[PDB]
RNA sequence: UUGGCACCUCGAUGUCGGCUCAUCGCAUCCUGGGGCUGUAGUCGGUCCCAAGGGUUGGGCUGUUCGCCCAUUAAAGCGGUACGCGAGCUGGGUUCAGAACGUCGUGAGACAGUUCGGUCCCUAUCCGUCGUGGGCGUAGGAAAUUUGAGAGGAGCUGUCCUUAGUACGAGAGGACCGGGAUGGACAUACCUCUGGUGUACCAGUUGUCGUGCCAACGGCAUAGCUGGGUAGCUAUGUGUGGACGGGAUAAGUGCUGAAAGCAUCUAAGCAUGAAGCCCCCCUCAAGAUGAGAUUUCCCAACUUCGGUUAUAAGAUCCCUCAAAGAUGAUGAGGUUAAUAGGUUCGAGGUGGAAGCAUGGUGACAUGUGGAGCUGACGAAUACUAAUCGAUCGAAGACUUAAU
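Protein chains in written order, with our numbering: chain U, 3 to 114; chain Y, 609 to 728; chain G, 3 to 52; chain H, 371 to 585; chain W, 16 to 136.
What follows is the structure, given as structure tokens:
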């Protein structure tokens, strides 16, 4: 629609790189818990990417102490300081939903 | 977006049969509910026949049917050969609207209103 | 389930009030001269001239 | 106290100062003009009349509501305005600060940020009792024959009848609803829009009215 | 965990290894519970030398769930299993260690000690 | 409640316990307002006024009961053919089989147990929940409205401060006041997190076809498997029960006599409840008591004290939806963007065909942010809404004052 794109254009960001599913990112997230500002990282694999405008979202999965953890963040959130892409992976589909049931040698993905 | 009182497996075959019968005869009689949906199905087969590329010739073969037309007698051109041929060379300058519907009134014994669909 | 009382003639004729038939939409054809249903094709001649 | 009419557009989201995610509703109010003013000595009460959208002019052969008819033109020419699709009264706004022919702009809503929206709901048609009144179903197994059917409607001849107000199947939706104590996010005068926090009733192209919070 | 008969895993360091929920505290008629709420459970499995024997009735707190948690920033965190810890009646743990990550909603709950012994928050 | 009586029903008024949906009484379980204490405080006892709203989830028995586990501000008691079988369950109790204990010479019986064992009906009338057509409202029409009168909603916990203050020898620990967040229950909505998505994309097994290769089609639950737009959706996202006004109940009263003192009362003034009437939300002039406002139309006649056809408007028919069982409602009908095509987009799928190159081959890379695409947003009369028809006003009589 043309009236919803002119009222939400003032919230899009350009400091964002390009990343496909399967790629490993390093999301820097601002955390104000405690007394004031502080930054904590999160390194995982991209398994989902929903479409839209200022409503686009992405999901990153990591395994911690033997328990997998998934984080979903709105792409245009102001609570992200940086997004670094390290490893690019070859995949055959957009949604890597089969990664949850796997673990170990089976879970790792090949590099282009 | 119509079902025509049929299952998904029969609503597809009957549409493939109605689209091929028209390209051969160029004028057929049916009911109003079948004419408004076959309308959009036949208007897209002519769009493929106006591009000419081989990729388009293979996508039209998925909906078309194997039928011979002896009237022409020039090797009994198949229904798919008539398209990309006689039919593709008539609507070159026309962009959309290749069919026309005409009403005839209810039919005895069933009450359904007969219609005439033809290629412009 | 079953009717307790039979229906009288007075009651039966009031329910059938709206049980009527419709008059079709017909006009004289420009060329045929006979009557024709609007938006249809003249059976007598075959012309529509849309 | 203020009021204005508009049309729904859709749902979206915006980011706050601290990163808070806030869903919003897009509404458009472009052409609002005052047509009449009622008073105590005439018409009994105080209120004003407002049109929201512009219809076409009068033609000798009009067969749709798009063109205005003669009765609707004279009532509009009296205020020097063109035919309007929607007209509604506002008995809460003041009557001494408005003159006939005035234009109602969106920028009139500022520093209020608290309003109530009134509109018609979508509409579902003929529905059952489990979905219209949110009742419970019967057991789906164990040799049962009671699933989506309604329960007992009476009490065995103590009263040989059904009381007024029993919940039965029927047509639901299409009623006037009002959501109270909503907030205005921002107003873009460049496009004649109003970002409302939350959601409003009706389809995405229905008529909505906005007035100052009554509470 | 969430409902009356849900089975959770014990993440803390004690004898208890598996607990079955018995009740969700807070209000009359509460249905489910999520991270940061106390529940009443019963022990089903345990270690031969633990401190919590098999068949007891204690209180615990939810630290990991599969449903996840939504934040005011529009972001979601989900886990792969459900776990809790047997806590004393003063919000203190009954063990000396804590296994696995934990949610940061525990800090709001005022369970300060549990956050300290967690490997990842 | 267990009985007494035998007045209605034996050409027939179907049981116990549930389930689903409720209603109503107050002899009040919780919440609100008050006396008196053998009432220090925190907590209680008992009694009065109050029916607005609330008043859990499981284990064991066919059950009611009853006991137990864990909670809650509280887990109140009664009526309606012990509410309810043309609404539904059949576990117990009254069918035909068989067995045990007991009784009988016997056929068989329980003052007792055990396993098994068909619940049927297309709604005529009243009643109830939705939705249309007529006529009326003293000319015929199009919009916006007043509200007589009805309906809906009414609940409550834990923390923080006042204040570790009042009280008490200490342990303990507040009272109308100010803030912050929950439970349950209503309601609107699909941006977000999920489900569905049989005319969307991709992978794959067997077999039969398009003559063969390649590429495709039919049938095997939609053959199966991995994703998914619109729409509809809760477990998801917002909001709500918020402040005040006017008269009262039980209470405390202020003046004041009958009765030189006393006394809330017999005249005269106050104060005082989640309850009463308003405030909040929805429907409402068939409210025959049929209301009000703005605007539109108002001529030709044998001079029936009437009539015709039109006028402003509304339909027939046709293209559609945000509406919908049908109808009604809403958008439009070429003096036109209503729908379908066509040309660009968003979203989904994730790398088409052909050809070239590298391998004995199964396959891989390149051409290439490929190809395809139902419902969503724009532009465009190419196709179909043709030509036409029908309905629809000339405004009664009385006073009173002009």
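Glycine residues also receive a C-beta, built at the ideal position from the N, C-alpha and C atoms.
At least one CB of chain G closer than 7 angstroms to the CB of residue i: is that the case?
i: residue 712 of chain Y; result: yes
Thinking just about the alpha-carbon of each residue, which of the options is nearest to the one in residue i?
i: residue 30 of chain U; options: U/73, U/14, U/5, U/105; result: U/73
i: residue 518 of chain H; options: H/408, H/527, H/507; result: H/507
i: residue 391 of chain H; options: W/103, W/87, W/134; result: W/87
i: residue 562 of chain H; options: H/495, H/511, H/481, H/401; result: H/401
i: residue 32 of chain W; options: W/130, W/44, W/67; result: W/67
i: residue 79 of chain W; options: W/19, W/121, W/36; result: W/121
i: residue 487 of chain H; options: H/455, H/582, H/443, H/531; result: H/582
i: residue 446 of chain H; options: H/433, H/424, H/414, H/467; result: H/424
i: residue 75 of chain U; options: U/67, U/48, U/38, U/12; result: U/48
i: residue 457 of chain H; options: H/394, H/442, H/422; result: H/422
i: residue 67 of chain U; options: W/26, W/119, W/44; result: W/26
Taking only beta-carbon atoms, is residue i less than 7 angstroms away from chain W?
i: residue 73 of chain U; result: yes
i: residue 380 of chain H; result: no
i: residue 20 of chain U; result: no
My output table needs one value for residue i: the three-state DSSP class, helix, strand or coil.
i: residue 627 of chain Y; result: helix
i: residue 101 of chain U; result: helix
i: residue 714 of chain Y; result: strand
i: residue 708 of chain Y; result: strand
i: residue 44 of chain W; result: coil
i: residue 723 of chain Y; result: strand
i: residue 695 of chain Y; result: coil
i: residue 418 of chain H; result: strand
i: residue 52 of chain W; result: coil
Against chain U, does residue i count as a neighbour if the rule is that its beta carbon must be under 7 angstroms from one of theirs?
i: residue 90 of chain W; result: yes
i: residue 569 of chain H; result: no
i: residue 402 of chain H; result: no
i: residue 484 of chain H; result: no
i: residue 134 of chain W; result: yes
i: residue 110 of chain W; result: no
i: residue 8 of chain W; result: Because residue 8 of chain W is not part of the residues shown, which for chain W are 16 to 136, the question remains open.
List the residues of chain Y that residue i touches, going by C-beta distances under 9 angstroms, in chain order.
i: residue 25 of chain G; result: Residues of chain Y passing the Cβ test: none, with the nearest at roughly 15 angstroms.
How many Å lie between residue i and residue j at the Cα?
i: residue 684 of chain Y; j: residue 677 of chain Y; result: 5 angstroms
i: residue 569 of chain H; j: residue 504 of chain H; result: 22 angstroms
i: residue 75 of chain W; j: residue 55 of chain W; result: 7 angstroms
i: residue 540 of chain H; j: residue 524 of chain H; result: 19 angstroms
i: residue 460 of chain H; j: residue 547 of chain H; result: 17 angstroms
i: residue 722 of chain Y; j: residue 612 of chain Y; result: 15 angstroms
i: residue 70 of chain U; j: residue 98 of chain U; result: 14 angstroms
i: residue 62 of chain W; j: residue 70 of chain W; result: 12 angstroms
i: residue 567 of chain H; j: residue 92 of chain W; result: 25 angstroms
i: residue 95 of chain W; j: residue 81 of chain W; result: 6 angstroms
i: residue 587 of chain H; j: residue 46 of chain W; result: The displayed coordinates of chain H run from 371 to 585. Any statement about residue 587 of chain H would go beyond what the structure contains.
i: residue 718 of chain Y; j: residue 619 of chain Y; result: 21 angstroms
i: residue 515 of chain H; j: residue 509 of chain H; result: 8 angstroms
i: residue 672 of chain Y; j: residue 656 of chain Y; result: 12 angstroms
i: residue 577 of chain H; j: residue 82 of chain U; result: 39 angstroms
i: residue 428 of chain H; j: residue 579 of chain H; result: 27 angstroms
i: residue 452 of chain H; j: residue 426 of chain H; result: 8 angstroms
Looking at the C-beta of residue i, does it have a partner C-beta in chain Y at a distance below 7 angstroms?
i: residue 4 of chain G; result: no
i: residue 41 of chain G; result: yes
Below 9 angstroms on C-beta distance, what does residue i contact in chain W?
i: residue 79 of chain U; result: 88, 89, 90
Using a C-beta to C-beta distance shorter than 7 angstroms, which residues of chain U count as neighbours of residue i?
i: residue 27 of chain W; result: Correct list: empty, because the minimum Cβ distance to chain U is about 14 angstroms.
i: residue 93 of chain W; result: 72
i: residue 332 of chain H; result: Any question about residue 332 of chain H goes unanswered here, given that chain H covers just 371 to 585.
Any beta carbon of chain H sitting closer than 7 angstroms to that of residue i?
i: residue 82 of chain U; result: no
i: residue 57 of chain U; result: yes
For the ligand HEM, is there any heavy atom lying closer than 6 angstroms to the beta carbon of residue i?
i: residue 47 of chain G; result: Among the components of this structure there are no ligands whatsoever, and the ligand HEM is therefore not found.
Cβ closer than 8 angstroms: which chain H residues qualify as neighbours of residue i?
i: residue 61 of chain U; result: The contacting residues do not exist; residue 61 of chain U stays about 16 angstroms from chain H at best.
Under 7 angstroms Cβ-Cβ, which residues of chain Y neighbour residue i?
i: residue 37 of chain G; result: Correct list: empty, because the minimum Cβ distance to chain Y is about 12 angstroms.
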